[PDB]
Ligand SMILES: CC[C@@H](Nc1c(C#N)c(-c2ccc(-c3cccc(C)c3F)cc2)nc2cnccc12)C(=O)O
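Quick setup: one chain, the form solved without the named molecule, written in structure tokens, and binding and motion questions come after.
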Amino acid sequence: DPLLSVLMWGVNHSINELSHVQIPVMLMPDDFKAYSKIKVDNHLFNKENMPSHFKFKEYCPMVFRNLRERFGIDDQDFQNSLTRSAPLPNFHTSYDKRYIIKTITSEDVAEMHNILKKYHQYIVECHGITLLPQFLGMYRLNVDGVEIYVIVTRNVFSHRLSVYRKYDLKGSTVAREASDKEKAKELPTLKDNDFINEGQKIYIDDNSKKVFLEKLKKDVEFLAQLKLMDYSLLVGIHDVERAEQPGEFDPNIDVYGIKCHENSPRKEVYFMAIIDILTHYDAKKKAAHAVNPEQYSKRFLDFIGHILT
């Protein structure tokens, strides 16, 4: 909450600063090693929700400025989405449901730095058309003894259309099922065995499915090159009828939406994308001390192919 305040203040500050830089079409190598730090000390000048001593650091501001524009996001809109009203917990969601704010470890920050240039290059090569997470900003927040790192992404789900059923898919030969406890939540994050045993159909037409699967193939191959793994396909289902109790969406805001085909048994819109990619192979082995990257790649792409069948 006070950390949230710093995030809001900092994002507002960061975007206002950039609004003055002239943005070239390209990035230089040093853009990937750059950062912006502010440290505020207010003495007997106490504000409303603002802590009186805080630090705010933005990593690689020019890279993320470049990415946001490649992802179709205007800086002023981004600013408003994160500063007109506080993000809500759920990670956090921007008050307008457009962006996600996740807390990550310094280890994830190191790995994001380590892939940022290859990631950016891949985003350039696919013209921003990918099922990968859209990384929009990365920050460090300090308030009096607490340091956290946040990364901001575009929401996989719609900002308007409610998701009534959500799946987290991995293709792992291991037993992946939601818990009897977890299945008691209101939006259970169901898993591979849920989907498979419960006969979930995804009714998208054949052209939509071929396009999707080809995107997925290039995306997952790219993640495999980076020796990344443990990522999921996130699947949200919006039931048009249950919402009405009309199912159109802006594919330029809800960029992961795919309408169902015309003989779907029920009017449905699907939101599908890869999430949680920053687990490097060796990060998972260290946490396991408290499944190779290609193996994950194959078992994943095979499963999603079977999902859509």
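Numbers for residues come from their place in the sequence shown, where the first is 1.
Quick note: we don't show the form solved in complex with the named molecule, though the next part is all about it.
- Ligand-free form, site status open: the named molecule, modelled in by superimposing site C-alphas onto its pose in the entry with it bound, keeps every atom beyond 2.4 Å of backbone and C-beta atoms.
- Heavy atoms within 4.5 Å of the named molecule in the entry with it bound belong, among the stretches 139-147, 76-84, 196-204, 100-108, to residues of 100-108.
- Although the partner is absent from this view, residue 177 stays clear of the named molecule in the entry with it bound, with no non-hydrogen atom inside 4.5 angstroms.
- Although the partner is absent here, residue 275 sits close enough that one of its heavy atoms falls within 4.5 Å of the named molecule in the entry with it bound.
- Using a 4.5 Å cutoff between non-hydrogen atoms, residue 189 counts as a contact of the named molecule in the entry with it bound.
- For the chain shown alone, residue 168 is a contact residue for the named molecule in the entry with it bound, at least one non-hydrogen atom being within 4.5 angstroms.
- Counting a residue when any of its non-hydrogen atoms is within 4.5 Å of the named molecule in the entry with it bound, there are no hits in 48-75.
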